[PDB]
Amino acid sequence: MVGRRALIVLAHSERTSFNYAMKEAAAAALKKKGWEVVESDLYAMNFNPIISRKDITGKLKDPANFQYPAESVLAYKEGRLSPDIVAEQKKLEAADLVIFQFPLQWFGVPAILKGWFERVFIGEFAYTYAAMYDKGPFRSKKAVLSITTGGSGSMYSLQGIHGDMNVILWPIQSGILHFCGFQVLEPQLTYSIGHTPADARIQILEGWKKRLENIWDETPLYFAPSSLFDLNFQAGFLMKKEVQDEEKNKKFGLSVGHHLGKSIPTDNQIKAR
């Protein structure tokens, strides 16, 4: 695994946190196997998470009607993005594997990490309308979420009061990671870390290092391939008619988001096929 490069994006303010220890465990395990490891500790960086015209240097094209998508895309093509954004984009370009380490907050990513996606995943660089999802710019990379929660796993089971964790993960793993082309690996889910004692926390750290010894060879999560859809406005970007006809008598839909009104395949966003 010499020659492969990893990026660990951490979103936690405290160096005493378990999230920080998971970042250190990941970095140590990957380096031991020959990886180059680069980090984005967003809190330690004082990372600015708010998109604004200060993400762009030089001339704005239409300052009287500011449109962040058009202006940032033009800035990317012309080399006029803010230097802190350019630095993060270079880390992404270099990385084969991207690990996102964060506590679950309000059933999603921390605001500082959401803003990192918004400022760094600029159009053309991270996605194109003509090549969404599996054809996206990051299709040669793999991404993985490593999440800690306060709530127990049972709260996020099919019968738990919070509802299916697979639904919670969908907008992040499909809408952010896979939209840009990433193959998304099984998330590392560390449930109710606040009710886990010290020696058990050590084994959680060791298990994560163990998994990282062969993470590049894992099967990724299943998303419906874009070849199943008519990618044009005359068809409305809907699934092809012959695909709908083939699926019409299967009991399960294709994924969490493409459940088709049927049963969601079990752990679609948690376990590979």
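All residue numbers refer to positions in the sequence shown, first residue = 1.
Annotation for 98 to 106 versus 123 to 131: the higher mean temperature factor (C-alpha) is found in 123 to 131. Per the PDB record, of the two stretches 86 to 94 and 108 to 116, 86 to 94 carries the greater mean B-factor over its C-alpha atoms. Residue-level temperature factors show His258 in the middle third of its chain, judged at the C-alpha atom. In the PDB entry, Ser13 places in the lowest third of its chain by CA B-factor. When the CA B factors of the chain's modelled residues are split into thirds, the value for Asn48 lands in the lowest one. The entry lists a Cα temperature factor for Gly136 that places it in the middle third of the chain's modelled residues. The PDB entry assigns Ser192 a C-alpha temperature factor belonging to the highest third of its chain's modelled residues.
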